[PDB]
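Enquirer: Before I ask anything, here's the sequence and the deposited coordinates:
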Amino acid sequence: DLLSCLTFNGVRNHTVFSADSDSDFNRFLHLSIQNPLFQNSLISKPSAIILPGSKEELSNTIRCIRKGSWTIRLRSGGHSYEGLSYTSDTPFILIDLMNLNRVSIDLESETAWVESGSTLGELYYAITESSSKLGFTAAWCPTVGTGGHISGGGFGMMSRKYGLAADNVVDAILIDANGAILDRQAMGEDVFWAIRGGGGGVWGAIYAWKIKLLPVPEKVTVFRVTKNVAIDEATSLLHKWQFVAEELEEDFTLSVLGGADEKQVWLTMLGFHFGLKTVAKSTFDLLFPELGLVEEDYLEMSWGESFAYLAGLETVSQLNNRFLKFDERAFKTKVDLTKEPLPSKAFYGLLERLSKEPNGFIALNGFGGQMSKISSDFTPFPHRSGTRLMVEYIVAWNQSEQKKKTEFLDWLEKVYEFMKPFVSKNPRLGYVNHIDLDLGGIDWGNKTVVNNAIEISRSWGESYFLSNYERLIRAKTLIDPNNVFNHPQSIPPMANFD
Ligand SMILES: *Cc1cc2c(nc3c(=O)[nH]c(=O)nc-3n2C[C@H](O)[C@H](O)[C@H](O)COP(=O)(O)OP(=O)(O)OC[C@H]2O[C@@H](n3cnc4c(N)ncnc43)[C@H](O)[C@@H]2O)c(*)c1C
Ligand SMILES: *[C@@H]1O[C@H](CO)[C@@H](O[C@@H]2O[C@H](CO)[C@@H](O)[C@H](O)[C@H]2NC(C)=O)[C@H](O)[C@H]1NC(C)=O
Ligand SMILES: *[C@@H]1O[C@H](CO)[C@@H](O)[C@H](O)[C@H]1NC(C)=O
C-alpha cells in the first residue's frame, strides 16, 4: 500500500486522485501544466501526486512508488513540450518537486546549490539578492524548472559567452532507482556527464545542482526593437541576421522572434551585451545599421534587471514567482539546427507560410562564440562547432480555436517539411529540451520493442546526441539498468535486464 509506505517513510505531503475539479489534487496537477495541450479531461492522470520536502523524502518516495506497479513521473517546472513530466501510457505516480526550491549561494567559491524544483527565475532572483557581480547562463523563461532544463542542456542569451546551463555544473545530487543518494564522486564521471544534457527523467531524480556562478558587469545592455515590414524586407533582414548573430563577439547576443499576425510580418530583435551601451551601439551601427537602433534603444541595467526585462517582466521580484503565467495557450513546437547558411529563399518561404497562419511563430538564435569552442562530447549536447543557427517553429492557440487543432498541426508539419533541404541532414538534428515525439517513441510495455530498444531509439537518440548516444547508453546501464526511469524517448540500457 502506497499510502502506508509513504506514511511510514515520513512523506506526508501527498494527494490521491480525485475527479473533483475543486480538489487539492486537481489544483496541484494543473498548477504546473505549462502546455494546455495536455490538460483536458482525456489524457493520462496520476493516481497520486507527491510533494517531497527533502532529498531523503525524495529517496523514500521513489522507493515506495516502485514497491507498487506504478510508473514514476518527475516534475520540476512542468514545461515539457510534450507533457512528459505529468503524463504516461501506464498508471503512474507524479512526484512534484515544487517544495524543493531552495537556493544556497557561496560567494567565496562563487558556486551555488540549487534544489531541482527551483525555477530559473527563482534562481536568478536568489543570485541578485547575494551579488550584483554574478549571474548564470540559462533560458529567459523564468518559470522553467532547473530540473528538466539543466538535465537537457539549457540554452540562453548568455550561452554564446558561457555555453549551456549544463556546461556550468560542477556537482549534483542524484537519487537512483534504489533511493541511493549520490554526488558526483559517488555516481562517477560517466553518469555525471550524462545528467548534464542527456535529458530529464532518465537517470534518476536530480535532487540538486551545484552550479558555477558567472562574472557579470554591474551594468549590462539590452534592447528590444520590433520591425513591422513586408516579406521582402523581412527576408533580407533575416538573411543578414544569421551572419551577424553567429559572427558577433561572444559578449553579444542577437535573437529574433518572428510572427505574421497579418500577412505582413513582424520581427522583434532581442539584443544583449556584457557591457555598457557605447560598445553595444558602436558594434551594431557597424554590423547591423539596417535595424535603425538609436541611443535611446540601448538600455543599461543590472544583470538581474536585464533578465527580468528579457522575460517581459516589470521587476526583478517577479522572477521569484513560479506560478506567473503571462501566456496560457496550447502549443506544439519543432526545432532545426543548421550547418550551412540559409539561402534567401529559405527565409522567404518560411515567412510566406507564417503569413498564412497568424497563430504561427518562429524563434531564431545564432550559435558560434563559446558554443564553437566547447567540445562536442564535453557534455551530451553535441551541437557545437559547425553549428550555426537554432530555428524554432511554434504554433499556439487559445481555448477558442480548439477545433482548428489539426489545421495548426498540419501547418507546422509542412513548415518543417519545407525547411528540410536547408537544415541539418543525415541525421536531421534536434535538441532534447525541445523534445519532439513526431520523431517516434518507445512502448516500454511492448516486449518486442523493448528488446530492440537501442536500435529503435537510435533514430531520435542520434538526432539529439549524435555520437554521444553510445556513451549515454553505458551511463544509463550504470545508474538505471532496470529502466525504472523511462518515457517514450528515454535512453535505453545496454539490454533488457528486468
Ligand atoms: C515552457 C518553456 C520552455 C522553454 C523556454 N525557453 C527555453 C530556452 O530559452 N532555452 C531552452 O534551452 N529551453 C527552453 N524551453 C524548454 C525547456 O528547456 C524544457 O522544457 C525543460 O526541460 C523544462 O524543464 P522543466 O520545467 O523542469 O520541465 P518538466 O516538464 O518539469 O520536466 C521535463 C523533463 O525533465 C524531467 N525532470 C524534471 N525534473 C527532474 C529532476 N529533478 N530530476 C530528473 N529529471 C527531471 C521530467 O521527468 C521530464 O521528463 C520557454 C518556455 C516558456
Ligand atoms: C503540500 O505542499 C503545498 C505546497 O507548498 C502546501 O501548500 C502551501 O501552503 C502554504 C501555507 O499552508 C500556502 O501559503 C501556499 O500557497 C500553499 N501552496 C500551494 C501551491 O497551494 C501544502 O500546505 C502542503 N500540504 C501538506 C499537507 O503538507
Ligand atoms: C509490439 O510491437 C511490435 C513492433 O513495434 C508490433 O509488431 C506488435 O504488433 C506490437 N504488439 C502489440 C500488442 O501492439
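Expert: Okay, I see it. Numbers count the residues shown, from 1 in each chain. Ligands and ions are numbered 1, 2, ... in the order given.
Enquirer: CA atoms for contacts and neighbours, from now on please.
Expert: Noted.
Enquirer: Pull up the residues of the protein that are close to ligand 1.
Expert: 73-81, 84-85, 116, 139-141, 144-149, 152, 154-156, 200-201, 204-207, 433-434 (C-alpha under 6 Å from any ligand atom).
Enquirer: Name the SS class of the closest residue to residue 485 other than its chain neighbours, please.
Expert: Computed as C-alpha to C-alpha, 6 or more residues apart in numbering, the closest residue to residue 485 that is not its neighbour in sequence is residue 202, at 4.9 Å. Secondary structure, DSSP: H, G, I helix; E, B strand; the rest coil: residue 202 is coil.
Enquirer: give the contact list for residue 202.
Expert: Residue 202 makes contacts with 476, 480, 483, 485, 486, 487, 490, 491, as judged by C-alpha atoms under 8 Å, 6 or more residues apart in numbering.
Enquirer: in what helix or strand does the first one lie?
Expert: Secondary structure here is read from DSSP states H and E; on that basis residue 476 sits in helix 469-479.
Enquirer: Tell me how many other residues surround the closest residue to ligand 1 within the stretch 301-450 of the chain.
Expert: For the stretch 301-450 of the chain and ligand 1, the shortest gap (C-alpha to the nearest ligand atom) falls at residue 433, measuring 4.4 Å. Neighbour count for residue 433, taken as other C-alpha atoms under 10 Å: 22.
Enquirer: Can you classify it as helix, strand or coil?
Expert: helix.
Enquirer: Next step: the residues of the chain next to ligand 1 restricted to helices.
Expert: The helices, defined by DSSP state H, take in 146, 147, 148, 149 from the residues of the chain next to ligand 1.
Enquirer: Tabulate the residues you listed (a markdown table), appending neighbour count.
Expert: Converted to a markdown table, these look like this (neighbours: other C-alpha atoms under 10 Å):
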| residue | neighbour count |
| --- | --- |
| 146 | 30 |
| 147 | 29 |
| 148 | 27 |
| 149 | 29 |
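Enquirer: Please report the distance of residue 197 from residue 367.
Expert: Distance of residue 197 to residue 367, given as C-alpha to C-alpha, to the nearest Å: 17 Å.
Enquirer: Repeat that for residue 423.
Expert: The value you get for residue 423 to residue 367, if C-alpha to C-alpha is used, is 14 Å.
Enquirer: Likewise for residue 248?
Expert: The value you get for residue 248 to residue 367, if C-alpha to C-alpha is used, is 10 Å.
Enquirer: just residue 37 next, same as before
Expert: From residue 37 to residue 367 the distance is 30 Å (C-alpha to C-alpha).
Enquirer: likewise residue 138?
Expert: 14 Å.
Enquirer: next one: residue 394
Expert: 20 Å.
Enquirer: Comparing these two, which residue is more hemmed in?
Expert: More neighbours surround residue 367 than the other of residue 394 and residue 367, with 28 against 20 (other C-alpha under 10 Å).
Enquirer: burial of residue 406, as a residue count?
Expert: By other C-alpha under 10 Å, neighbour count at residue 406 equals 10.
Enquirer: Tell me if I am right that it is in a strand.
Expert: No: counting by three-state DSSP, one finds residue 406 to be helix, located in no strand.
Enquirer: Which residue ranges of the stretch 301-450 of the chain form helices?
Expert: Using DSSP state H, counting those that start in this stretch, the helices assigned to the stretch 301-450 of the chain run over residues 303-310, 344-355, 405-419, 447-451.
Enquirer: Run the chain-centre distance for stretch 73-91.
Expert: 13 Å (C-alpha atoms, centre = their mean, to the nearest Å).
Enquirer: typo on my end, stretch 320-331
Expert: For stretch 320-331, the distance to the chain centre is 15 Å (C-alpha atoms, centre = their mean).
Enquirer: what do you get for stretch 303-318?
Expert: That offset, for stretch 303-318, works out to 19 Å (C-alpha atoms, centre = their mean).
Enquirer: picking up where we left off before, quick check: the gap between the residue nearest to residue 485 and ligand 3.
Expert: Using C-alpha to the nearest ligand atom, to the nearest Å, residue 202 is found at 22 Å from ligand 3.
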